[PDB]
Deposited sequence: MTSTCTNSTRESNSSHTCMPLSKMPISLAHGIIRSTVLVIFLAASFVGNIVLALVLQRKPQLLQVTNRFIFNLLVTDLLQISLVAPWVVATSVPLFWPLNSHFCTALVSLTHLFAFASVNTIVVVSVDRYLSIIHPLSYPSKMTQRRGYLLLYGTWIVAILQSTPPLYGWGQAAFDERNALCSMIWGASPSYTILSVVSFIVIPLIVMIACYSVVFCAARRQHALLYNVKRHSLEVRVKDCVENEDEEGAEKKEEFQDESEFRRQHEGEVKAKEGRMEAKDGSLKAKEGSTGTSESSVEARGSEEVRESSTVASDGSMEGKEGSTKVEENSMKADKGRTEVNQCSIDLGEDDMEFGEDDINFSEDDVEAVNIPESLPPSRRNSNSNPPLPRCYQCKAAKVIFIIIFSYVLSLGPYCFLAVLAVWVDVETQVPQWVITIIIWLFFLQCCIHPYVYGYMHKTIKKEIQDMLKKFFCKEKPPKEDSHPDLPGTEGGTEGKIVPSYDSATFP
């Protein structure tokens, strides 16, 4: 009902406001000293900026469409909004994959790491991930795929029951490839860590990997689950409101999840953040 949407809009603000300050603190700690690590600050800053841009260019419209005004709207509006949201999510996912690959290439082959990842390669990778996120995303602005308004949830989401090919492409580009790459890159790291632990001391390494995988799955899976289920059965009259509310709740949790998982778990970055926070407070 109206109260349910009001509650959803009210609770959608606190998470985003906390993520905003967390991302700003991370930005300050990462930009104060540019000569940090090696061809990594660029990747972390790219993830941070594609999180902040999504936050600031997505939150106002998503909150304002729930207010009981200008109900008619126009298909073009949410059509362009969903494209922006998908572009930002795809950029974040591709940066995530690149960061995971770099982490695996750093853990394994510790000797000839500098000769394989130069500044030119990092900049080319950043340009490539942005180009892919721009190009491969947003077909429906000109082709297959369409968004529409729903008088049940009124989120003006895209209907997957019209172009199965685009739904399949989004599904594979969302979960399959990133999950496979992450599992393949992390299994070897876990085996090497286990070995090193056995050599040194003649279960700690599994917690971090489990946390990363579980966080990514909890952030991204339900949306793909809903998209896959939409093709067979209807969604307007077959799904309760609370389920859609929880799905749209969990979709935006990645904004707060990413900085904690990838900035606060690093020892040096955590130390410097704590140092700055204690100095200011």
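Unmodelled regions of the deposited chain sequence (numbering from residue 1, in sequence order): 1-26, 229-394, 474-508.
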